[PDB]
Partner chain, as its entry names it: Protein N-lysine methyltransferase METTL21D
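What follows is a single chain, given as structure tokens, in the form deposited without its partner chain.
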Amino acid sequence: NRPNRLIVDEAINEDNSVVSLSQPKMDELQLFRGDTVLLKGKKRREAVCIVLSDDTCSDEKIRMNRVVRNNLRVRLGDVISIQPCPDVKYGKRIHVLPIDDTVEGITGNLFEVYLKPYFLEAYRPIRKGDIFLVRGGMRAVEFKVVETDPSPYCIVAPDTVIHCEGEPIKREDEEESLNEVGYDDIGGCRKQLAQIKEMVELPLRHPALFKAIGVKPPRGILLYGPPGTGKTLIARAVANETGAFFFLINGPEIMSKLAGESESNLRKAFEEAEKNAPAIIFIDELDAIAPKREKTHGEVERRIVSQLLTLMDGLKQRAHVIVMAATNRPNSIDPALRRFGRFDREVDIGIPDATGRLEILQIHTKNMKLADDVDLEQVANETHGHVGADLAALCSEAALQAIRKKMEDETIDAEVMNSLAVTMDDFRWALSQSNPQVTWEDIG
């Protein structure tokens, strides 16, 4: 029954042009490792990719990363169509331009720095309209294929003339920034991402089909751990990967508002969320709004708490809204909020272990050129106790150090910026200052 009908899954392989199938699925479609494939989603936008096998796929799965998902306008869980495409002719010439909000601060030869090494004997299949991403010079640049010859698809071969003169282009409305947070931006949280996806993915992604299965969705999820372990990261990534709307409430910020104004902002948040459903409301620092208090005689339940409980109890499944809250410890919070139907699910987003830190360091160095003496495992071993934010800062600091060792303005030449190698000494520097500037440089 429909062998060519596949279900979108997340990539292990992080190359733009690559998708993965199970071998039995490749047998069935008579594909070779390395073959070009033509793919379509519901919106019926096409993509051309190279197919590899994967040992960890279910037969109906197609593993693809965010570049290909965006090009196809699909999300994890969606249906795609696969057909062979050996027709693809070699390109005479192509026209690619950077997207504006990705090249702010840089000048010079984008061909030499990004495009030349990217296409170099890679024989990459491309499609008119594709957005693709190239990493380099402390930055991830996004390029759009404006035109190809032949059209609409070709293989960028050694003879293919690559044209990239012209102004940077405007990002289109449905074209999602690859700068937006997704699952590939989260390290050391495999277990917890799996726990959260199991709870919220289907309710948010397919509300009607979910109801038909009959199991009750969570209403509130409590994420806990120390500051900077990636709680906001996770909730934001889930919102993006599911297509759900994201409304952030800052605890202390809403409490700073005058008596009366707090409660109304709280209501507006929920209304806004219900309005743009499916949605995630994220309450950062929940303990600022509803702390656990000691039993005092004649203590009246804080207006704000009463209001939050009313909103929680009032969210029917058909509202398609899930509430997430961040705290340091579950016991820091009013027990009324933790009773069934409210925040009855909790997920420990704790301090990462050595493997976790390695993954986090690799995420935050992925746009940097690292010298061969850079040993991230060693850096991970030396950062016991560091959380995600500490490690992201550490990487910014190592990079700032490399820049100080070389070069001030609001503009940098691409070739200069690209010549920067962050060394192990730069990390050792950042390590010695670690305790848990220029406009053209955007640091994670």
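Heads up, when I say rigid core I mean the largest set of C-alphas that superpose within 1.5 Å between the two forms. Positions refer to the first chain, counted from 1.
The form solved in complex with its partner chain exists for this protein as well; it is not shown, and the discussion that follows is about that form.
Chemist: Check for me: heavy atom within 4.5 Å of its partner chain in the entry with it bound, for each of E263, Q307 and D313, yes or no.
Modeler: Answer is yes for this spot.
Chemist: Using a 4.5 Å heavy atom cut-off, indicate which stretch of 269-277, 142-150, 299-307, 101-109 touches its partner chain in the entry with it bound.
Modeler: Of the options, only 299-307 has residues within 4.5 Å of the partner.
Chemist: Can you pick out, from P227, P252, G243, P335, the residue that has a heavy atom within 4.5 Å of its partner chain in the entry with it bound?
Modeler: Comparing distances to its partner chain in the entry with it bound, the residue within 4.5 Å is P335.
Chemist: Identify, from the list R293, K116, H163, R329, the residue with a heavy atom within 4.5 Å of its partner chain in the entry with it bound.
Modeler: So the residue touching its partner chain in the entry with it bound, by this definition, is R293.
Chemist: Just to confirm, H320 within 4.5 Å of its partner chain in the entry with it bound by heavy atoms?
Modeler: Contact with its partner chain, no.
Chemist: Are any of the heavy atoms in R342 no more than 4.5 Å from a heavy atom of its partner chain in the entry with it bound?
Modeler: Yes, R342 is a contact residue.
Chemist: Using a superposition on the rigid core, decide whether the Cα position of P227 changes by 2 angstroms or more between the shown form and the other one.
Modeler: Result for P227: no, shift under 2 Å.
Chemist: Under a superposition restricted to the rigid core, does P252 display a Cα displacement of 2 angstroms or more between the shown form and the other one?
Modeler: The answer is no; the displacement is under 2 Å.
Chemist: Given a core-based superposition, decide whether the C-alpha of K42 shifts by 2 Å or more between the shown form and the other one.
Modeler: Yes; that C-alpha moves by at least 2 Å between the shown form and the other one.
Chemist: So the Cα-Cα distance between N240 and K211 shifts by 3 Å or more in the entry with it bound; is it shorter or longer than what we see here?
Modeler: Residues separate in the entry with it bound, at least 3 Å farther apart.
Chemist: If the CA atoms of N240 and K42 move by 3 Å or more in the entry with it bound, do they move toward each other or away, so closer or farther than here?
Modeler: Those two alpha carbons end up farther apart in the entry with it bound.
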